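Student: Mind having a look at this structure? Questions to follow.
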Amino acid sequence: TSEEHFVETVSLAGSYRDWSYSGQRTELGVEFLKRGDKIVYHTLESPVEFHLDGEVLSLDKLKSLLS
């Protein structure tokens with residue numbers, strides 16, 4: 001649940017600390033946070049999960065790479 005809740009906290013705000021939201025609805029699902037060469041994604045069913053470059057990871061770790 002805290003996953004889906006976190007997504008919602010930034011989809012509201014339009015960004016995180018140095019990361020833009022886009023809501024690029026891609027064939028995968030949707031872009032999440034963008035900064036530099038690094039782009040978090042979120043899925044549509046899971047309800048959401050967090051990939052980066054193909055490595056799929058948990059909320060705890062995601063909050064680390066975004067701080």
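Just so we're on the same page: first chain in the structure tokens is A, next is B, and so on; residues restart at 1 for each chain, and ligands are numbered from 1 in the order they show up.
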So that I can check the surroundings of residue A:64, please list as a list in words every protein, DNA and RNA residue that reaches within 12 Å of it, counting only C-alpha atoms and ignoring chain neighbours fewer than 6 positions away.
Tutor: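 Listed by chain and then number, they are residues 17, 57 and 58 of chain A.
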Student: Could you save the residues just selected, with N, CA, C and O atoms, as a PDB file, in the first residue's frame?
Tutor:
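Saved to again_5.pdb:
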```pdb
ATOM      1  N   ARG A  17      12.466  15.830  -4.978  1.00  0.00           N
ATOM      2  CA  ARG A  17      13.501  16.785  -4.561  1.00  0.00           C
ATOM      3  C   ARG A  17      14.288  17.414  -5.707  1.00  0.00           C
ATOM      4  O   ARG A  17      14.516  18.619  -5.688  1.00  0.00           O
ATOM      5  N   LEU A  57      12.645  -2.983  -7.859  1.00  0.00           N
ATOM      6  CA  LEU A  57      13.049  -2.702  -6.491  1.00  0.00           C
ATOM      7  C   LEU A  57      11.879  -2.238  -5.645  1.00  0.00           C
ATOM      8  O   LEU A  57      10.840  -1.831  -6.166  1.00  0.00           O
ATOM      9  N   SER A  58      12.090  -2.259  -4.330  1.00  0.00           N
ATOM     10  CA  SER A  58      11.077  -1.947  -3.348  1.00  0.00           C
ATOM     11  C   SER A  58      11.101  -0.466  -2.985  1.00  0.00           C
ATOM     12  O   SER A  58      12.104   0.234  -3.163  1.00  0.00           O
TER      13      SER A  58
END
```
Student: Please provide the set of residues having any atom within 12 Å of residue A:66, restricted to only C-alpha atoms, with same-chain residues fewer than 2 positions apart removed, written as a PDB file with N, CA and C atoms, in the first residue's frame.
Tutor:
```
ATOM      1  N   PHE A   6       2.833   6.404  -2.089  1.00  0.00           N
ATOM      2  CA  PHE A   6       3.986   7.222  -2.439  1.00  0.00           C
ATOM      3  C   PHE A   6       3.854   7.753  -3.853  1.00  0.00           C
ATOM      4  N   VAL A  10       3.564  12.157  -5.200  1.00  0.00           N
ATOM      5  CA  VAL A  10       4.323  12.872  -6.231  1.00  0.00           C
ATOM      6  C   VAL A  10       3.473  13.157  -7.461  1.00  0.00           C
ATOM      7  N   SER A  15       6.547  16.673  -8.877  1.00  0.00           N
ATOM      8  CA  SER A  15       7.976  16.429  -8.755  1.00  0.00           C
ATOM      9  C   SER A  15       8.340  15.850  -7.388  1.00  0.00           C
ATOM     10  N   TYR A  16       9.615  15.491  -7.240  1.00  0.00           N
ATOM     11  CA  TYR A  16      10.337  15.161  -6.018  1.00  0.00           C
ATOM     12  C   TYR A  16      11.603  16.022  -5.985  1.00  0.00           C
ATOM     13  N   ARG A  17      12.466  15.830  -4.978  1.00  0.00           N
ATOM     14  CA  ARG A  17      13.501  16.785  -4.561  1.00  0.00           C
ATOM     15  C   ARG A  17      14.288  17.414  -5.707  1.00  0.00           C
ATOM     16  N   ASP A  18      14.706  16.609  -6.672  1.00  0.00           N
ATOM     17  CA  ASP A  18      15.413  17.059  -7.868  1.00  0.00           C
ATOM     18  C   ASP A  18      14.894  16.294  -9.091  1.00  0.00           C
ATOM     19  N   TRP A  19      13.763  15.593  -8.949  1.00  0.00           N
ATOM     20  CA  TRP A  19      13.210  14.726  -9.974  1.00  0.00           C
ATOM     21  C   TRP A  19      11.903  15.305 -10.491  1.00  0.00           C
ATOM     22  N   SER A  20      11.734  15.353 -11.805  1.00  0.00           N
ATOM     23  CA  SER A  20      10.504  15.774 -12.442  1.00  0.00           C
ATOM     24  C   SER A  20       9.557  14.575 -12.530  1.00  0.00           C
ATOM     25  N   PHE A  32       7.787   7.629 -13.955  1.00  0.00           N
ATOM     26  CA  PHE A  32       7.513   8.112 -12.614  1.00  0.00           C
ATOM     27  C   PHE A  32       8.355   9.341 -12.246  1.00  0.00           C
ATOM     28  N   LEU A  33       9.594   9.177 -11.765  1.00  0.00           N
ATOM     29  CA  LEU A  33      10.511  10.274 -11.466  1.00  0.00           C
ATOM     30  C   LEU A  33      11.693  10.253 -12.427  1.00  0.00           C
ATOM     31  N   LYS A  34      12.080  11.426 -12.940  1.00  0.00           N
ATOM     32  CA  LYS A  34      13.151  11.606 -13.923  1.00  0.00           C
ATOM     33  C   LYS A  34      14.218  12.536 -13.364  1.00  0.00           C
ATOM     34  N   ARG A  35      15.488  12.135 -13.365  1.00  0.00           N
ATOM     35  CA  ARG A  35      16.596  12.997 -12.972  1.00  0.00           C
ATOM     36  C   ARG A  35      17.860  12.501 -13.651  1.00  0.00           C
ATOM     37  N   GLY A  36      18.478  13.331 -14.479  1.00  0.00           N
ATOM     38  CA  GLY A  36      19.712  12.976 -15.147  1.00  0.00           C
ATOM     39  C   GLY A  36      19.421  11.847 -16.117  1.00  0.00           C
ATOM     40  N   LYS A  38      18.696   8.913 -15.226  1.00  0.00           N
ATOM     41  CA  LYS A  38      17.954   7.918 -14.461  1.00  0.00           C
ATOM     42  C   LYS A  38      16.476   8.270 -14.431  1.00  0.00           C
ATOM     43  N   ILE A  39      15.649   7.255 -14.654  1.00  0.00           N
ATOM     44  CA  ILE A  39      14.213   7.368 -14.832  1.00  0.00           C
ATOM     45  C   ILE A  39      13.569   6.173 -14.145  1.00  0.00           C
ATOM     46  N   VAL A  40      12.910   6.466 -13.036  1.00  0.00           N
ATOM     47  CA  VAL A  40      12.015   5.555 -12.338  1.00  0.00           C
ATOM     48  C   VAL A  40      10.757   5.416 -13.207  1.00  0.00           C
ATOM     49  N   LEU A  52      13.969   0.489 -12.444  1.00  0.00           N
ATOM     50  CA  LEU A  52      14.959   1.464 -12.872  1.00  0.00           C
ATOM     51  C   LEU A  52      15.928   0.702 -13.750  1.00  0.00           C
ATOM     52  N   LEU A  59      10.002  -0.014  -2.385  1.00  0.00           N
ATOM     53  CA  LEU A  59       9.772   1.356  -1.953  1.00  0.00           C
ATOM     54  C   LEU A  59      10.903   1.894  -1.076  1.00  0.00           C
ATOM     55  N   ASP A  60      11.389   1.074  -0.147  1.00  0.00           N
ATOM     56  CA  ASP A  60      12.435   1.430   0.813  1.00  0.00           C
ATOM     57  C   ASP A  60      13.704   1.916   0.126  1.00  0.00           C
ATOM     58  N   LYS A  61      14.128   1.126  -0.856  1.00  0.00           N
ATOM     59  CA  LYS A  61      15.278   1.425  -1.691  1.00  0.00           C
ATOM     60  C   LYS A  61      14.970   2.594  -2.617  1.00  0.00           C
ATOM     61  N   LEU A  62      13.766   2.660  -3.192  1.00  0.00           N
ATOM     62  CA  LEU A  62      13.406   3.738  -4.099  1.00  0.00           C
ATOM     63  C   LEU A  62      13.552   5.076  -3.363  1.00  0.00           C
ATOM     64  N   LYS A  63      13.048   5.173  -2.129  1.00  0.00           N
ATOM     65  CA  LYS A  63      13.178   6.379  -1.318  1.00  0.00           C
ATOM     66  C   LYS A  63      14.633   6.789  -1.095  1.00  0.00           C
ATOM     67  N   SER A  64      15.576   5.847  -1.126  1.00  0.00           N
ATOM     68  CA  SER A  64      16.999   6.096  -0.983  1.00  0.00           C
ATOM     69  C   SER A  64      17.535   6.772  -2.246  1.00  0.00           C
TER      70      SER A  64
END
```
Student: Give the strand (DSSP E or B) residues of stretch 8-40 of chain A, as assigned by DSSP on the backbone, as a ChimeraX atom specification.
Tutor: /A:15,20,30-35,38-40
Student: Atom CA of residue A:5 and atom CA of residue A:53 are how many Å apart?
Tutor: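 Atom-to-atom, atom CA of residue A:5 and atom CA of residue A:53 are spaced 22.5 Å apart.
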Student: Kindly indicate which residue among A:56, A:65, A:12, A:50 lies nearest to residue A:29, using only C-alpha atoms for the distances.
Tutor: A:50
Student: Nearest to residue A:24: which of A:2, A:67, A:11, A:46 is it, counting only C-alpha atoms?
Tutor: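 The shortest atom-to-atom distance to residue A:24 comes from A:11.
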Student: Taking only chain A into account, list the residues labelled alpha helix (DSSP H) by DSSP (computed from the backbone), as JSON, numbers by chain.
Tutor: {"A": [2, 3, 4, 5, 6, 7, 8, 9, 10, 11, 12, 13, 59, 60, 61, 62, 63, 64, 65, 66]}
